[PDB]
Structures are given as structure tokens and as C-alpha cells.
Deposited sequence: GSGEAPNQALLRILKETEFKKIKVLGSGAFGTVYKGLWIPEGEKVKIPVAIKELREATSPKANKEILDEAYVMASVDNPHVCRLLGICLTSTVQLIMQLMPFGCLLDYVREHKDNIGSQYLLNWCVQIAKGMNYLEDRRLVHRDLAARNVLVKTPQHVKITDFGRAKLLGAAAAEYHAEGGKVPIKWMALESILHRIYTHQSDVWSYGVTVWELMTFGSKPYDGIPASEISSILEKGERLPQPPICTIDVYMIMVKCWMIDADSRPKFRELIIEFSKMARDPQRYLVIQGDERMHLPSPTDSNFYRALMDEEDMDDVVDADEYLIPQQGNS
């Protein structure tokens, strides 16, 4: 019927990696910055460690791990392994610059049109990949795109992915709990809005109950100051009522790539082109001995 999922789930020993500090605490548990020093491999791999105990919640993290261990794409966050301790810990790639949402807020004054449009293209590539794998994310948002470097982002959070975040959802989903790749497009639209507004809250003030009807009336998020009509129209097409009228991810990749070739023609930003964000060709950008990025460390 469907193809066998031959992904390898890697079980890692607790003693093979060390927690360094905390990166975030929530209801789910807590995420640590850490290092993974596998076997006798002569490599340190920077990792994020997500740890939880109540039986019906352990199933949800293992569900996330299932999906996260099954993806392999440059614009999606893969699971490196799990560690079975009293708690259960997901080991993931360290994405040193955090979520894109906070990144746009904290670095607004150095974010030019090239970065924004390239981020849009990369998220669309990620999502298109998830579509090839017949996977529906169901929670795409700026908060769930992570920054490996300012020039490289990746989609995460498979805690809702299958084969509630109201202000990012398609209408069909809010009212009928229907979810498709095209419902992910809607959320893509909202995500891009967040980026083009440098991290503004969508429908800030409106309570989620009112949102369903607001959308029913034909209201949509406003045209961000920096957005040419070319870019805004793309957002708006992602918010059509007819799911099939919305763009496909494959087209979103194309449209944003064209615009990324002449960025200042599609986003208008004061001081654009004389802005500097950290690069792997900078000083102090990176024990340091034998550090290897997860993306360059392959197989057991």
C-alpha cells in the first residue's frame, strides 16, 4: 500500500553526550544546549537535547521522534537519536540562532530583502519535501522555523505532523478539522507575513474565537509596509477559501526564487544592501577541537 519506512532509530547512551546549559523550559519539559561525543569517534557534535514522567505523554514524544527520525532534507530538522533514561531525551541538531520568529525581532535592523526572500524559498523547499513524504505538518509557523546560520533555516516541530494554533490555520481546519498540504500553504502564508513584519503577532488583539468569523467575512492580514504588491499577492493567494486555488509549495519555491534574484525589486527596506549578519566566513563565528556539525556527521 504505502512504502515501508526504513528509517533507523538510533539509541544513544547518556554517557556519550553532555548538557551544557538550558535553552528553553516549558510544559513539555526542557531543551538543553549540549555536545555529543559518540563512541571513540574523535568528534564533538553540537546538539539540542529535548527531555521530558506520565505514560500517556511519553507516547507523544515518541510520536514526534517517529516523524523526526523519518525526515532527511536540508530544510527540515532531523532526529539524531534518542536516549532512554528515566525521562527520555530527543537529541537534535543545535540550531544556534534559535527560532526565526525571535531572530526577526532581535535583528530587524540588519535583515535585508535577500535574507527574507531566501528564508521564504528555504521554508517552501522544506515544506515541499514534507509533501513528497506525504506528510502534513499542521503547525507551520515562524516559531517553528529554526536558524542554523542566518543564511540557513529549517522547519521543526513534528508534534502534530501526520500522513490548537488558530491564527495560522486554514479555514477548513478551524471549522471542519480538515488538514492537507494546502492547509499547510495557508500557514506558510501566515509565516511569511510574520517574517515580512519582523515578527508581528497575527491578528494581535483579536481572540481566536472571533478569528473564524473574521476570516469568514473576507478579512485577511494586512499588507506589510515592506511588501510590494507582488509579494503580498502571493501571501493572499495562500489565504484563498478554495484550497486548490492556493499556490503549491513547488510554485512558491519558484516565485520566491525569481524574486530572490532581484530582491530590492520585491521588498523595500531602508538601508538594504549595507546590512551585515554573521557568516561562517567571520571571526569568532564558531573546546572547538574536533567539533563537527550534525549535517556533516553521517551514519553509525
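Visitor: Return the ranges of the deposited sequence not covered by C-alpha coordinates, sorted by sequence position.
Guide: Those parts of the chain that were deposited but carry no coordinates are 1 to 2, 55 to 57, 169 to 182, 306 to 312, 327 to 331.
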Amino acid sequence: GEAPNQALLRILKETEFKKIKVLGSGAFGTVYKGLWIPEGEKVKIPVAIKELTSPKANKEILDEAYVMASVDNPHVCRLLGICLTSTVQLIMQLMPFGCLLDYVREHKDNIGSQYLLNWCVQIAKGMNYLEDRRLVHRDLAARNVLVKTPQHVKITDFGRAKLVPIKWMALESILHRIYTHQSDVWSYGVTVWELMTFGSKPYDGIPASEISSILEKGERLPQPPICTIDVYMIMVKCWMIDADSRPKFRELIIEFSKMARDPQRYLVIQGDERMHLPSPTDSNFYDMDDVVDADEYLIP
From here on, numbers count along this sequence of modelled residues.
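Visitor: Comparing 172 to 180 with 187 to 195, which has the greater mean CA B-factor as deposited?
Guide: Here the higher of the two C-alpha B-factor means belongs to 172 to 180.
Visitor: Per the record, averaged over C-alpha atoms, which has the higher B-factor: 275 to 283 or 19 to 27?
Guide: The recorded data point to 275 to 283.
Visitor: Going by the entry, which of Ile123, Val147, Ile206, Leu116 has the most elevated CA B factor?
Guide: Highest C-alpha B-factor among the listed residues goes to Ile206.
Visitor: Per the entry, which of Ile166, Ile155, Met92, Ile226 tops the list for Cα B factor?
Guide: Max CA B-factor in the entry, restricted to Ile166, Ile155, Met92, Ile226: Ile166.
Visitor: When the modelled residues of the chain are sorted by Cα temperature factor, does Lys59 land in the lowest, middle or highest third?
Guide: CA B-factor rank for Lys59: highest third.
Visitor: Among all modelled residues of this chain, ranked by Cα B factor, put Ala3 in the bottom, middle or top third, i.e. lowest, middle or highest.
Guide: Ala3: CA B-factor falls in the middle third of its chain.
Visitor: Splitting the chain's C-alpha B-factors into thirds, which one does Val43 fall into?
Guide: Its C-alpha B-factor, which the entry lists for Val43, ranks in the highest third among residues of this chain.
Visitor: Would you please rank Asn110 by its C-alpha temperature factor against the other modelled residues of its chain and give the third it falls in: lowest, middle or highest?
Guide: As the PDB entry reports it, the C-alpha B-factor of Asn110 lands in the middle third of its chain.
Visitor: Using the B-factor values recorded in the entry, state whether the Cα atom of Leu52 falls in the lowest, middle or highest third among the modelled residues of its chain.
Guide: As the PDB entry reports it, the C-alpha B-factor of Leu52 lands in the highest third of its chain.
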